[PDB]
Structures are given as structure tokens and as C-alpha cells.
Number of protein chains: 2
Amino acid sequence: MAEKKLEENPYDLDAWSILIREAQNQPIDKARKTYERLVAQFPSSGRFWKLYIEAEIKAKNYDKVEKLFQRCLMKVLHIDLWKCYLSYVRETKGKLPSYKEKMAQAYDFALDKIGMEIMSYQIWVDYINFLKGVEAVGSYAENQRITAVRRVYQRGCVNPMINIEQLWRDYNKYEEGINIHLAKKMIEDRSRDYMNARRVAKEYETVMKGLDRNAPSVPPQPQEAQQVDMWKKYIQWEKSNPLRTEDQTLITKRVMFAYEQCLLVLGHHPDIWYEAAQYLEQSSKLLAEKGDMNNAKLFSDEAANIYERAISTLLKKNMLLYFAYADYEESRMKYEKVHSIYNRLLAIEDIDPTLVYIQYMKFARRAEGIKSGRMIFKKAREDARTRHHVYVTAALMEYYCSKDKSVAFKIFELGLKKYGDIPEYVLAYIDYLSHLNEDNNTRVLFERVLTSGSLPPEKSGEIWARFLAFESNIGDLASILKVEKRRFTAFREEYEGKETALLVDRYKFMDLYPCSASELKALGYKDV
Amino acid sequence: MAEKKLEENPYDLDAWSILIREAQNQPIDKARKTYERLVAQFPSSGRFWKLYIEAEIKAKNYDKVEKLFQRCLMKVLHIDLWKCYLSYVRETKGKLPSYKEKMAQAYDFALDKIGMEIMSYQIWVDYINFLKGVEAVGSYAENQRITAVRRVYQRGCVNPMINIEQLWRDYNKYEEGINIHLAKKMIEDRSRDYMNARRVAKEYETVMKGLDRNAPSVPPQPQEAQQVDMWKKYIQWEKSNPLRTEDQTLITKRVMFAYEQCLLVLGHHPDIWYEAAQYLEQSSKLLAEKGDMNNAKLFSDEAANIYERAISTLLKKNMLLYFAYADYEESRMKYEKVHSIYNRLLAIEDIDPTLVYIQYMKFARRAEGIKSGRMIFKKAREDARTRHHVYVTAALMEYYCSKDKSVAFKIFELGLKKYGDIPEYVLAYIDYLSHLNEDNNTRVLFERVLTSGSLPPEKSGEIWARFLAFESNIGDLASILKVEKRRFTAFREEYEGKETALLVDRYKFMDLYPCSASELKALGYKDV
């Protein structure tokens, strides 16, 4: 059963191709059910959205089609999905009296979001042909057509794409077509830019040939790391500024467009979402310097949107991008939003909130003061999910920021109470009291933790260790032998015969041992 | 070339068997040269000592033979080496007028150190036959012979060994031989002990069958771990008290005899020397309790000798046994000897004295006061060998014992001066200043170490890390971004593209990361 394969790997493309194979061996009423399941899984697959669209569109359900477009067209910059949308309009609206008006809008809307795609050539032509076609009676009318066609040609013949030449060719023949005289100069006047573009077109032509562009986006688990390689090159290529131009926004645009394409296939890579939002923040302030303020707060505002998208589409449970988000808004001093970001993450049913609380509570203190911080800490403690780590984080925070060894001891104690059976927690507590340097008290906590029986001896080895390390700094030989012999009695079982391998720890310091690697091996030594 | 094999593995038994194979294809003048080389390498090989002895003994150099015995007989408890010595006396002294007197001495000397060996049966007989043979004229003479023979029989028929039966057999026939009447009771009176022994003889008979006993002692580098297994069993067997007897000294004797045998083959295992000296110390105080004081200070004194031997024969450069030695004498409050032990180790040309100084200086303070300690520290600094570790050890010692942050800062500073290009050292220093909890000063040391250029940036990663960790506890987002961007500039090379894998460390705490194991993998994450 294909579903079974899916029970295992949800992204089993094999299973999906089967569901999709029979997706057609059935009416749009039963298929629709399977398609939703697909797009719901591969939201960024313009290819899948299309199977679904073409299927409904096959069934004459023009109403459901428009719905599907409003659901993906903006969100997915797939060259085909868009040429598809242009067709759906070319048909659907062809007989409306407002067609011309509406048709041009779509062409504009299209070239504006996807025209930069390397395989967009046709849209440009379809637009120009559409335009030449428009009926014009008189002269102010025809000449208005020229202004219109002239515009798409001029805009195209500077846009790096596969047939960038067949566009420049026909442009020439168009001017020459309305005036052989003035044409010469009309053309000569924009050739230096076209060359500059016809070139980048070729550079671009390469970087893309290796790339996939239709592969379903799948979480990382041979070729992906290979294709990953190719994408970043393309992204870098665009960052180096192929079109040797002083226009920064035209670089960011093209670099951002690349990040876009890439994310369609590698959208399950936090690093790329981040790296893309990093470039935006950068491009941003690099404009605040050269005086361009409006064109700047734009990228600044948008860079924040790269975060929203990422943690709202393909990576909803990803702490990395959340924190990276929270941080970004915190830098922009939007302390209000930062709160919302941390709380949306906490909002999610299943995650291990612990780190988030730790990250949230750290932002809080650091940005809204000691009480603000204690707010979060309080919520942290009231979340059944929160693990011991936060009481440690919090407690140290007092000590390290306030310099208060009271709230600290209390927070630890308040913790040792509820988490006193977590070796890592007890150690966290000990390690702290032990740097205060007060011998007796430390010795006290040691004896408690090892005698308070709330910590199962089987899981106390590290402690007994830390103890001897303590009885080794201060303290003396008899005190060491004492704790030592007790440590053995508690693990009499798994420590019988390993006395020597155990003795090794009585003397080693840092990378120094009183034995050779080979001697340690045969001893049965195990370094923690 | 065999020597070549030896150039590689000094303990290449193959090479040795070759040198030994041609060791005979040559006169004792040229062989002697090769033999010394052998025994010098396998000091505990009664088998090799014998090849050498029998070779010289073959050459009628009775003077050189006696020399070889005085060189190994006491030091090696090999059953054959001793039967060899008994032969060399049986011949060499056979015609001396004092022979009888001398011959009996050797038998006594033999049974006293080796008679407990499982394969000793013959020596006992050779002795008894020797005795019966002694001429006796009269009655006080003959009866004196009886007292003498009766004694070896009685002593033998209680000593667990292979033919323990053929000894009891002939004993019976001996009494019966001098009085069939009184014999009945003479025998019946010591049978309960003989049975008890004839039994243990069988138990012993087993434990030994698996063991080698002639394998050359070689440093650990399949069967050794297998034979290792068998030896400890035999040792344990003896510790459980086979002869169900209330005599503790007779247990220790037999347990100690086992440790002895074992060491002949596994003498390159520090753990066994130690484990043996541990049993002595134990058996010791376990006698100080039951009132037996003389028989106690004996084992106490000897246990110290197990250490001497070990670090003076097969393991001369072994810090473990030295420390374990120094400690033992320190427990016995012989603070004078402890000093000598640490200094003998230091005396050795090549070793990495650092740990020893650290171990010595720790004993010192802890047992002779703060100045005594500063003595050693001073020597430590005057040893060209001593590595950075001791200035750390020492400095912390002040802080942790004295509570003086001056000598500490000075010792560190005095150290940072000479070892300021050792990442581990700088970290040791930082980690300390950072638990004092004084933010500014720590920030100061941080900026120095990273700007004082005495530490090659290539080896500063950990620092920049500790820095961010510091700028993360106290400090704030901008301060983090700052150190962060600098950390990147310094490693612009190996960190380009790994920005995200790097960002991961900005948020992880203990075993918590803002990413899944699988997500971290594909990021190129590397946890320190």
C-alpha cells in the first residue's frame, strides 16, 4: 500500500506519484481530495499546484480554479504556474468587454513578479503580441500603441533571459517598421544596455542549467547537498552584481529573486531562510548610509517578513528561525512584536518549551528589566512541559546580573525540590555552589544530594566524581579515600575490578593522565 | 633482519626466538652477549634466565652461574628456575665436606619460597629422599633423621599440589615402616588436615590448567585479555580461602603467592601491581583489628614494597604507581619518603613532569602547609619540561585554599606571560576570572587575550566562544552581535557559509539546541 510507505516517510515521493497516478483515474470529486492532501504537503510545488489546477480546470469549475490561484499564485513563483494563470485569464476573460484592460493587468502583474525568471521569454512576447493586436483607430490611438509596445520591448531587452536576443531582434524590426530613419538612433540609443544584458543573460544561462527547479521540497535526511551547492552559487552570482550596475536595489531584487526560486525546492533548510533575511537586513542599512532612506525601510520591513514566512509555512516548529526572528525585531527595538513571536512558539502544542522560555526570559531581562524577566520565568514554571533547565538558567541569571545569591539559592532550592532526581540538574546546582568557593556549604550540598536519596544512586556517578574533585582541591588524602570508598560501595556492582581504571581519575588534570593512551585502554579506562 | 623487527616492536618475540635460535649456534662468549640482551628485556622470564644459565653451566663457568642466580633467583619465582638452582647445588657442592648441611639449606630455602607452587611435588620428594639418605649411626642419630623426614612429609601433606596424594601415600608407608602400631594413630592424627588439603589441591589443580605461566611479559597493545581473565580468577580463588581456615596470614601468603606468579607474565599491567598492594594494605589493617600487631606491620611494610618493585623493575616510568606509592607512604604519615618518591620520578630524564609536579605540589600543600607547596611550585617552574598546566593548578590552589585572589592573579598573570599562546592555558585563565563574577574585569581579560596578539587567531575559536557565552549571560544583543561579527572577521575564511551552523551556538544551552539532530547535521553543525 502506498499509504503505508507514507505511514513511514511522509515525504515518500514514490507513494505520492502513485496517489497522483490514480489521481486522474478518477473524477475531480474524488481526486480533489487527494490533491489537497498533496499541496498541503508540498505547498511550494508549482508543479503540484498545477496538476490540481489543470485537473479542476479540466472539469470546467472555473470558480474553484480562481480559488486555487488566490491560494498559491502569490506564494509560489514557479514559471509554469504563472504561465498557467496567464492562460486561465486568456480564456476565461477573453469575451468580457473589459478583457483588454484585464488582460494587460495580468501581463503586468506577471512580468512584475516572475518576468525576471530565466525562462520567461514567452510571456514578454505574448504581452507584446497582445499589445500590437489591440485595435487602434486614428493616430493618437496608434501612437499610443507604439508607446505601449515600445515599453515592453525596452523593458524586456534589458532583462536577462534565454531568448533575450530574439527579443532584441524583433524590437529592431519594430522600430524599423514604423520609421527606418529614426529607428537607427532609437536602437543605437539602448544597445549599450542591451549588450550588458545579453551578456548577463549568458552568465545567468549557465548557473541555472545545473539547477533542478521542480524537485519537491523535502526535509534534509548525495544530490541535495550537490544541488544545494549549485543554488548557493547562483545566489552568490547574483550577489556579486552580474549586471555591472550602481543600482543597489536592482541587485537586491535579483538576489532576492534567487533566494525565492531556491526556497521553492530547499525551503526546508533554516540556514537559507536565515541567510536570505541576513542579506535583506544588510542591503537595508547599506542604503541607510548612502542616504536612500525610503528604499531602505522597505528592505528592513521586508527582511522581517522573510522570517514570518519561514516560520509560518515550511518551518513552523523551528526554534532557530523564531529566535532569529525575535532577535531581529528586538534589534529594531520593536519589543512588542518580540513578545508575540516568543509566545506564538510557546503556543504550539508540542515542542520542548524549555529552551524557548530560556531564550524568551533572556531577551526579557536584557531588554525590559529584572521584573519583566521574572514574568516569563513565572510562566515557564506554570507550563507542564518546561524541564529543569530553566530553573538553572534563571537562578544563574540572578547571580550573574543582580549579584544576588539569595534569589539564586532559592531558585536552585526551589528547583532541587521538583527536579532533584535529574543528575544534570543536581550537577548544575552543585557546579554553582562550588564556584562560590565556600568549602563547607558545598560539602553540605554534596552530602545532601548523595544522602537525600531523591536521586537514584545508579544515576549519581558524576556527582561522586564532582565530589572527589572537590575533596581533591581543598580537603585531603583521607577525605579523598573516604568519599572514594563510599563511591565504590554505591556502585559495588559495576565497579568491581575497575578499581585501577577508577584510580586514574584521582590524579588526572585536564589533558594530563598518569598513564599512556595504550595503558589506559587495557585498564578499561573511560573518560567523562 | 631480526634486529629490524626489533627496531619496530622491541618485544617482537619472533625476533627474539631467532636471536635465541642462533644464540646456541655460537660459543658462550658471543651468546652471553645476546642473553644479557634478552634477560634485560624479559627480567621476569624464568625460562630465559634458564637458557642463559644452562648455557653458561654448559660451559663449566660455575662462577658466572652463581652470579646469574644471585641476579634472578629471588626476583623470579619460576618453578623451573628453582629446580635448576637445586640441581646446580646438587652438583657443584656434592663433594664439599659440608654438602649435607648446605644441601638441606637449599631445599629449605626452596620449599620456603616456591614450595607452594602447584608443580613443586618433586622438590619435596628430592628433599625427603635426600634426608632418608643421610647416614646415621646409633639411635639418637637415626631418630633424629625420622624427626627430620617426618617433618617434610607432615609439611608437604598439607601443601596443595599435583601429587599431594603420592606424598601422603609414601608418608603412610614411612610411619608403618618404623612402627606399624603407632603408625595407625600417627597417620589418623593428621588425616583431617590432609583431606582438607588433598581437596584444595584439586580446586587449585583446575584454576591453574588454563593459565600459561611461561609467556614472556609484554606491554599491553585476544588471548592476553583471555589469560588476564584466568589469572584474576586464580587470584580471587585464593582470596576466597580455599583451605577453609581461620588463619589469615596463611591466606594472604597464598593470595600473595598468586599475585607473584601472575606478575611474571602480566607484570606490565599497573592495575595488577596496584590491586596486589591493595590486598596487602587491606590484609594488614584487618590484622591490626584482631590484635595481631606484629604479623600486621609486616604486611603494612611489605605492601609498600610491592610499589617499590613495580616502579623499579617492569614499570619505571609509570606515574600511576608512583602516585599510588607516594599516596600510600603519605597515608602512613612517612612524609619524608613521599618526597623521595616524587623526586625519583622527576629524576627520570624523559617524562612530562607537569602532572607529577601537580601531584607533588598537591601532596605538599595538603600535608606540609602552604609554604612547603610553594617550594615544589618553584622547582616546577625551574624545570624546562614543565608545561602550562602547573601554573593553573598552583594559581587555583591559592584561590581554593588560601582564598587569596592576589597570588592567584599573579600566578595566572605570571603564567599568561610565558604561556599566553596556549589556547587551553588562556581558557583556564579566563574560566577562572569569569567565575569571580566581575563583568568588567572579565571583559578586560577577554579583549586583551584577543587583541594582545600573543595568541594566534587560528587558535582562538574557543575564546571567542567563551566570550559570546559571557556577552550572553550579562551583556546584551548588540554586544553579542558585536563580538559575533568580530569572531567572524577573524575566521572569515573557515566560517564563510557556516553562519547558520554558527548561529546555533548563540542560543543552545546544555543539551538544548534550537534544532533537531537531523537539522543540525545538514547545517554542518559541530558541537564543542
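The record names X-ray crystallography as the way this model was obtained, at a resolution of 3.00 Å.

Chain A goes by Cleavage stimulation factor 77 kDa subunit in the PDB entry, where it is assigned to Mus musculus. For this structure, the PDB entry title reads "Crystal structure of HAT domain of murine CstF-77". Listed under Function in UniProt, the entry text for chain A is "One of the multiple factors required for polyadenylation and 3'-end cleavage of mammalian pre-mRNAs." As its UniProt record puts it under Subunit, chain A is described as follows: "Homodimer. The CSTF complex is composed of CSTF1 (50 kDa subunit), CSTF2 (64 kDa subunit) and CSTF3 (77 kDa subunit). CSTF3 directly interacts with CSTF1 and CSTF2. Interacts with FIP1L1 (By similarity)."

This part covers the overall build of chain A. Of regular secondary structure, chain A possesses 28 helices and zero strands. Here the C-alpha atoms of chain A give a radius of gyration of 33 Å, more than 25% beyond the 24 Å that 2.2 N^0.38 yields for 528 residues. Residue burial in chain A is summarised as follows: out of 528 residues, 51% are buried. For chain A, the exposed area adds up to about 26100 Å²; of that, 52% sits on carbon and sulfur atoms. Taking the average location of the 83 positive side-chain charges in chain A and that of its 77 negative ones, the two points are 4 Å from each other.

With that out of the way, let us pick up the packing of aromatic side chains. As enumerated under the stated definition, the model contains 82 aromatic pairs over all chains in all. Consider the rings of A:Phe467 and A:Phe470, whose centres lie 6.4 Å apart with planes at 15°: the pair is stacked. Here A:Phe467 and its partner A:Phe470 are both found in helix α24 (residues 461–473), three residues apart, which amounts to about one turn of the helix. Chaining the aromatic ring pairs together yields one cluster made of A:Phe323, A:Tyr335, A:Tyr342, A:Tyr360, A:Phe363 and B:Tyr507. Positioned above the aromatic ring of B:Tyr204, the side-chain terminus of B:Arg254 is 4.9 Å from the ring centre.

So, about the environment of A:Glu203. Looking at the secondary structure, you find A:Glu203 in helix α12 (residues 191–210). Spatially, the C-alpha atoms of A:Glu203 and A:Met161 are 9.9 Å apart, while their sequence positions differ by 42 residues.

A general feature of soluble globular proteins is that nonpolar side chains tend to end up buried together. Counting 364 residues, the largest nonpolar core has A:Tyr234, A:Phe323, A:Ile463, B:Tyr234, B:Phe323 and B:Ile463 as the members making the most contacts within it. Ignoring sequence-local partners within four residues, the contact set of A:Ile463 consists of A:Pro423, A:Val426, A:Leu427, A:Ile430, A:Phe446, A:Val449, A:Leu450 and A:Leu455.

Note on the copies: chain A fits chain B at an RMSD of 0.0 Å, the axial shift is 0.0 Å, and the rotation between them is 180°. Expressed as an axis order, the relation between the two copies is that of a two-fold axis. When C-alpha distances to the rotation axis are compared across chain A, the minimum falls at A:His435, with a value of 3.2 Å. Taken together, the interface assignments show that 100% of the residues at the interface of chain A recur at the interface of chain B, consistent with an identical surface on both copies.

Here we take up helix α10 (residues 164–178) of chain A. Across its 15 residues, α10(A) extends 22 Å between first and last C-alpha, which sits within 8% of the 21 Å expected from 1.5 Å per residue. Each element contacted by the buried residues of α10(A) is listed here: α8 (121–133), α9 (142–156), α11 (180–188) and α12 of chain A.

On to the packing of helix α6 (residues 79–92) of chain A against helix α7 (residues 99–113) of chain A, then. All names here are of chain A. As a packed pair, α6 and α7 sit with axes 10 Å apart at the nearest point and diverge in direction by 175°. In terms of their interaxial angle, α6 and α7 are classed as roughly antiparallel. Across from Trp-82, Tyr-85, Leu-86, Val-89 and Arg-90 in α6, the residues of α7 making contact are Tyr-99, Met-103, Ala-106, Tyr-107, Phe-109, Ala-110 and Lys-113. Across the contact of α6 with α7, the residue classes break down as ten nonpolar, no polar and two charged.

Attention shifts here to the interface of chain A and chain B. At the interface, 61 residues of chain A touch 61 residues of chain B. Across the chain A/chain B interface, buried area totals approximately 5300 Å², and carbon plus sulfur atoms make up 60% of it. Seen at the junction of chain A and chain B, the total is six salt bridges. A salt bridge links A:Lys403 to B:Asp439; its shortest N-O distance comes to 2.9 Å.

Residue and element names in this part refer to chain A. The domains assigned to chain A are domain 1 (1–190) and domain 2 (191–528). Measuring from the centre of the C-alpha atoms in domain 1 to the corresponding centre in domain 2 gives 43 Å. Between domain 1 and domain 2, the residue contacts involve 28 residues of the former and 28 residues of the latter. Roughly 2400 Å² of surface becomes buried between domain 1 and domain 2 when both sides are summed, with 66% attributable to carbon and sulfur atoms. The largest per-residue losses of area from domain 1 upon contact with domain 2 belong to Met-116, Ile-118 and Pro-160, which jointly make up 26% of the total buried on that side. There are one salt bridge connecting domain 1 and domain 2. Between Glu-117 and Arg-213 there is a salt bridge, and its shortest N-O distance comes to 3.7 Å.

Basis of the calculations
- Residues numbered from 1 in each chain as written, not as in the entry; some residues may be left out.
- Chains lettered and ligands numbered in written order.
- Heavy atoms only, no water.
- UniProt positions renumbered as here; feature names shortened; annotations may be inferred.
- Helix = DSSP H or I, 4+ residues; strand = E, 2+ residues; numbered from the N terminus.
- Rg over C-alpha atoms; globule rule 2.2 N^0.38 Å.
- Buried < 20%, exposed > 50% of the residue type's maximum accessible area, 1.4 Å probe, protein only.
- Areas by Shrake-Rupley, 256 points an atom, 1.4 Å probe, with all protein chains shown as cover.
- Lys, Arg positive; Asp, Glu negative; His and termini not counted.
- Charge placed at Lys NZ, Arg CZ, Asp CG, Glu CD.
- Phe/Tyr/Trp six-rings, centres within 6.5 Å; stacked < 30°, edge-to-face > 60°.
- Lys NZ or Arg CZ within 6 Å of the ring centre and 35° of its normal.
- Core = buried A, V, L, I, M, F, W, Y, C linked by side-chain atoms within 4.5 Å.
- Contact = heavy atoms within 4.5 Å.
- Least-squares fit on C-alpha atoms.
- Expected span 1.5 Å × (residues − 1).
- Axes fitted to C-alpha atoms, helices over the stretch in contact; angles between N-to-C directions.
- Parallel < 35°, antiparallel > 145°, perpendicular 65-115°, else oblique.
- Nonpolar A, V, L, I, M, F, W, Y, C, P; charged D, E, K, R; others polar.
- Buried area = accessible area lost by both parts, 1.4 Å probe.
- Salt bridge = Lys/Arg side-chain N within 4 Å of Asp/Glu carboxyl O.
- Domains from an automatic or database assignment.

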